[PDB]
Amino acid sequence: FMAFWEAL
Amino acid sequence: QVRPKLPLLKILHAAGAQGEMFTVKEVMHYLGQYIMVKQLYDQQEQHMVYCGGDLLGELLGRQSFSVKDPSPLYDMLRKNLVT
């Protein structure tokens with residue numbers, strides 16, 4: 001989740 | 001900096017935010033914190049967030065969304081952040 005969220 | 005409307009501000013406070021004024025990146029950070037606290041992402045498909053029956057879902061007008069697509073989040077922020 002975090003890897004994806006930080007990519008927003 | 002931006003000042004969130006009240007329902008969005010309560011989400012940020014639930015996730016540890018303090019006060020009323022934030023940068024956009026702080027708002028995004030605390031939304032991520034909230035999703036983790038409330039365990040709204042799918043543990044087995046971690047880009048998917050299931051927010052139906054949560055206040056976040058009410059604000060997004062969504063039951064679910066992919067973190068890979070920023071559009072529903074941006075739409076919500078446009079409506080819920082005052083500059």
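Naming: A, B, ... by sequence-line order, numbering from 1 per chain.
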Exercise. At what distance, to the nearest 0.5 angstrom, does CG of B/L8 lie from CD of B/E58?
Worked result: 12.5 Å
Cross-chain donor-acceptor list, chain B and chain A, 3.5 Å limit, no angles:
| from | atom 1 | to | atom 2 | distance (Å) |
| --- | --- | --- | --- | --- |
| B/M28 | O | A/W5 | NE1 | 2.9 |
| B/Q46 | OE1 | A/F1 | N | 2.7 |

Problem set entry | Nearest non-hydrogen partners of A/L8 and B/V67, listed with the distance | CD2-O, 3.2 Å
For this session: First locate atom CZ of A/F4, then atom CE of B/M48, and finally report the distance between them rounded to the nearest 0.5 Å.
Result: 11.0 Å
Exercise. Side chain, backbone, both or neither: which part of B/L31 has a heavy atom under 4.5 Å from chain A?
Worked result: both
Exercise. Are there more than 12 heavy atoms of other residues, nucleotides or ligands under 6.0 Å from atom CD of B/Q1?
Worked result: yes
Exercise. What distance do B/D54 atom CG and B/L40 atom CG have between them, rounded to the nearest 0.5 Å?
Worked result: 5.0 Å
Problem set entry | NE2 on B/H13 to CD on B/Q18, rounded to 0.5 Å | 8.5 Å
